[PDB]
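Enquirer: 3D model of this:
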Amino acid sequence: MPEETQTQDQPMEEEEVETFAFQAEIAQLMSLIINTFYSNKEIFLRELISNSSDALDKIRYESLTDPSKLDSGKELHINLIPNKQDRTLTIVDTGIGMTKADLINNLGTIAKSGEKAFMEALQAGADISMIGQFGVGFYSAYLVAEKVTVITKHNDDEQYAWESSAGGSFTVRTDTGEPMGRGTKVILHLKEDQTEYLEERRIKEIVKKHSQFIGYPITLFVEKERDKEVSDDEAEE
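Expert: Residues are numbered from 1 along each chain as shown. Sure, structure below:
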């Protein structure tokens, strides 16, 4: 309840809204990822879901200091909400998420010549699968999407809305209007030409095979539109 009846002493805060265009060196690497077509959509779940479970394991481990913080768990679950018209598959975890300082700090890659650089290594006989132990875990979700948007908030830190569409140009903006309790809201903007990742029949089958590694509750939601006509950003808790 917004009480204008004299709140408290507090800073006006600054809007962390930074927009950046492709960096020449990173544009080389990232565009080559676009050049390198991916004919296997299975790796998508395998490595991305790995991060989802990891984000939960980290929060699960951190809570060993105080089990009372978890009450009895409840935070160990993966919720999937697919938007049929919006073509937006929303996967939200209740894990640790990411922090404000860490987001902008870990945001980058190795462009410096530290013995092994993917550019030179490419001609020296490297491989895409070298990333695992050579640098970077999850850059983003642009391997086969229109745009990748992650709204995360550590329950103590602020919420941010990170989005990137194949790297061309991205923007990092804090506070998305919609409140966040904790976790990571990973919403894939799928193109209409990417119906391969949205057909009800396909969703069940593809997510069935790769959900084996998921030991946490798998909840595929079927959220139907009640209001019928909606054109605002108003959510309902």
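
Enquirer: give me every residue that touches residue 143.
Expert: 33, 38, 44 (C-beta atoms under 8 Å, 6 or more residues apart in numbering). No exception for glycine: its C-beta is placed from N, CA and C like everyone else's.

Enquirer: try residue 128
Expert: Counting by C-beta under 8 Å, 6+ apart, residue 128 has contacts residue 36.

Enquirer: Render the CA-only coordinates of the top helix by length along the chain in CSV, please.
Expert: In the chain, with assignment by DSSP state H, the single longest helix is helix 42-62. Extracted C-alpha coordinates of helix 42-62, given in CSV (Å, rounded to 0.1, in the frame of the first residue of the first chain):
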residue,chain,number,x,y,z
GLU,A,42,18.5,-31.1,-27.2
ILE,A,43,21.7,-29.4,-26.0
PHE,A,44,19.4,-26.4,-25.2
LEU,A,45,17.6,-28.2,-22.4
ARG,A,46,20.6,-30.2,-21.3
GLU,A,47,22.9,-27.2,-20.5
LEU,A,48,20.2,-24.6,-19.7
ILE,A,49,18.3,-26.9,-17.3
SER,A,50,21.6,-27.7,-15.8
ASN,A,51,21.9,-24.0,-14.8
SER,A,52,18.3,-24.1,-13.4
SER,A,53,19.1,-27.1,-11.2
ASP,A,54,22.4,-25.4,-10.3
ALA,A,55,20.7,-22.2,-9.2
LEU,A,56,18.6,-24.3,-6.9
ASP,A,57,21.5,-26.3,-5.5
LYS,A,58,23.4,-23.2,-4.7
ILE,A,59,20.4,-21.7,-2.8
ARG,A,60,19.8,-25.1,-1.2
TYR,A,61,23.4,-25.2,0.0
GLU,A,62,23.5,-21.6,1.2
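
Enquirer: Show me what it is packed up against.
Expert: Judged by 3 or more C-beta pairs under 8 Å, 6 or more residues apart in numbering; DSSP states H and E, helix 42-62 is in contact with strand 88-93, strand 183-189, helix 200-210.

Enquirer: how near is residue 210 to residue 198?
Expert: 16 Å (C-beta to C-beta, to the nearest Å).

Enquirer: go on, residue 28?
Expert: Counting by C-beta to C-beta, the gap from residue 28 to residue 198 is 32 Å.

Enquirer: Then residue 204?
Expert: 12 Å.

Enquirer: more neighbours, those two?
Expert: More neighbours surround residue 198 than the other of residue 204 and residue 198, with 17 against 10 (other C-beta atoms under 10 Å).

Enquirer: would you list every one of the strands in this protein?
Expert: Along the chain, the segments classed as strands by DSSP state E run 17-21, 78-83, 88-93, 147-153, 159-164, 169-174, 183-189, 218-220.

Enquirer: and these as a markdown table, adding distance to residue 107?
Expert: Shown next, in a markdown table, are those (distance: least, C-beta to C-beta, whole Å):
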| stretch | distance to residue 107 |
| --- | --- |
| strand 17-21 | 10 |
| strand 78-83 | 25 |
| strand 88-93 | 20 |
| strand 147-153 | 12 |
| strand 159-164 | 9 |
| strand 169-174 | 8 |
| strand 183-189 | 15 |
| strand 218-220 | 30 |
